[PDB]
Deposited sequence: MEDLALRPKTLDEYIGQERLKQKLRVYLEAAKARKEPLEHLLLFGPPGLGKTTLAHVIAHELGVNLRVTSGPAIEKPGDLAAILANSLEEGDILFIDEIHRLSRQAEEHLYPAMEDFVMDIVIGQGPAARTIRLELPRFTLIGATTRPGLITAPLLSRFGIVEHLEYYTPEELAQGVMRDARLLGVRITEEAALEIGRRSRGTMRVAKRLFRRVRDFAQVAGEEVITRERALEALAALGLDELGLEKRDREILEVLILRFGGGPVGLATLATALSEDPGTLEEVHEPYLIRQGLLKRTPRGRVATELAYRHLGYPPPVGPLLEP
C-alpha cells in the first residue's frame, strides 16, 4: 500500500496544537472574507509534518494545489507562474531554499504585487511588459530558512515553526498507522513505541514498521506491550530510544576518559569512528536528551548519563 499515509483534514492532523490554534484563525478569517490566504512559510527539523500541512491547508481552503520543488527549478519560474496559475490557487514549493538567488528575484514582483516584469520581443522590437497574474497563494517548506534571501523572507505573510511531538501524540500516530495498514496493536505497545521515538513522526512510523516486521516473522497476531518491548530490545533501543552506538559512546566517555572534557577527535579515535559521523549523527540527540554537553574544553557526560548507564555519579 502506501507507507507515507498523509492526513487529509486539519482534524486528522495530530499534535501541532499551538500552530493549529493560529492556523484555524487565519483560515477562518480568509474564508470569511472570500479572499485567498497570505503567503505561508513552514520550517523546522525533518519529519514533523510540513509537507502534510501544506496539503491539509490546501484541502481546508478548498482550492487546487500545484506542487513544485526548489531543486526542480531563473527564466523558467516566470513561465510556470504565468501559465500554470489560476485565481485563488495555492502554489507549493518544497525545498524552497534551493531556489537560486537569481530565481528568487523574479518572485519579488509577484508575491507583493501580482505582476511580473517580462521583456518580450526580438532585436530592436524588444519591449517590457508587466504581465498581470491572478491572485494566488505561495506555500514554502524548508529546513534552512537562512538560505532564502531577505527580501523574499520579508514577503511571507505567515511564518510558522514545526515543533517536536510528545510520546502520546506519537502513540496516536502509531495507532492511526496501524489501523490504516491493518495491524492490531495495543495502546500500551503504541506508547512504548512512542517513548522511543525521538519526537519525530517519521521515526515513530519506521519503528512501528520494524516492530510489525518482527511480530509478523515471529508469527504473532496482536502486538502486545511485552511483545513490542521484546521487538524493541531486539532492535537494540533503550527506554530513551537510545541505540547501542550511543550507549557505547557514553560508556567510553564515562569509563575510558572519566567523563571529563575530551574533544571530538580523541573520542572518535577511541570509538573507532569518523569524528564527523559521530558529531553529525549521534551527538545531536545525546545533547537534546541532556546526556551530553559541549563545554569550551570538550565533551562532558552529565549526571543523567551516569544515572542512565547505571554508574555511580562522581
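I have the full deposited sequence and the modelled structure. Can you tell me which residue ranges, counted from 1, have no C-alpha coordinates?
Those stretches are 1, 75-76, 318-324, listed in order.
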